[PDB]
């Protein structure tokens, strides 16, 4: 992408989505494992997105917009979640620091938007 989109946070987390029909969390992209998850700020239009890529093979497993007003829920000290119309996303962070720094960056983003 272009240089006007910049990463403002990176954390290690396993990305899950909620299978609405089976009432179970499943790995984003089909295989359980940790990803490197960034919050990218596109400075041109002041928008944000989350993109995560598996660490072991760089599969892109999440690429989702963070709109104004998004509700970000810290369900546990290492599992955080949010929605869009298509999926509920969950991040199982690799450590409490990963979770807390990612959440702080998300909250700062929600205030910038």
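Positions refer to the first chain, counted from 1.
When the C-alpha B-factors of 28-36 and 41-49 are averaged, 41-49 comes out higher. In the PDB entry, a CA B factor belonging to the highest third of its chain's modelled residues is recorded for residue 4. Among the modelled residues of its chain, residue 101 has a C-alpha B-factor that falls in the middle third, as given in the PDB entry.
Residue 76 sits in the middle third of its chain by CA B factor, as recorded in the PDB entry.
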